[PDB]
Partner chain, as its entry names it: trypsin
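A single chain, nothing else alongside it, follows as structure tokens in the form solved without its partner chain.
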């Protein structure tokens, strides 16, 4: 009842999250393990040898155990699922490959990119750095009907190849707000629109994670899992999270009475993938020794720029437990058919 690559995508999600969280603790985290991995698995089609193996190993695929055909077939099925009209009403995903004009491109790569990964490849004049950046940004804008604006802020002069990966999700629950205090830290407090409700929720307190665990369903076949840590236990929560633990919560359908304070938050994350994935061991494709002969046979080529942007916008006689999501919390968003991790992150400052 899951896609073959879902455990690998879950391991990739934890690796990417833990890297970002180890760097800074006062920063929001918001990315799509699915869209980033789809993009680099699509890119691997134009790569060979160590450049190739490094990308797939960097996405947590063990090439001695998983045949490469099962990886691409896994990604194609996941894309097939996400591109269903009901999911398309809530979720927009895209990859744009921008290659220098004057490069002789391999027809097989351009066809496989389109047929297997529903991505777009474009010819751009990197000789005009400012116009190159505008054509890339206008493609993302047109793709997200104006939601993502000026994604790329700076391009290197040597840029010959840019990768842009974006995902936009409109959050609307499957089935009258008021402002309230959000305790970012002990000396910081912001105000957020909070939905107050008493109802039967899929919520539980976990002793292993020392957190309240809330599951909620959204249109587009998506389930969000919110982890609200106990005082001083956010790091313990981040450390103890595993794919098996998350699968067991997703399996739980038991509800209880609870009074919840839920913040109506929209969230965004922007990442320099050359930097982030470099720390995960994906370096060859961004260096002069890159084997991109599947993209262009004659000329040297390296991936100069790779950017990710993720956007989420919201469209018993005993006194029941009162759970307020009014302080930093971790979350995952799963696609229901595949169990794939669509999003992963942490809200620490809702105004950041």
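Numbering follows the first chain given and starts at 1.
Omitted here: the form solved in complex with its partner chain. The next part is about that form.
Within 4.5 Å of any heavy atom of its partner chain in the deposited bound form lies no heavy atom of residue 56. Within 4.5 Å of some heavy atom of its partner chain in the deposited bound form lies at least one heavy atom of residue 291.
Using a 4.5 angstroms limit between non-hydrogen atoms, residue 67 is distant from its partner chain in the deposited bound form. Mapping the unseen interface onto this chain, residue 62 falls outside it, with no heavy atom inside 4.5 Å of its partner chain in the deposited bound form. Taking its partner chain as it sits in the deposited bound form, the stretch 294 to 313 comes within 4.5 angstroms of it through a non-hydrogen atom at 300, 302.
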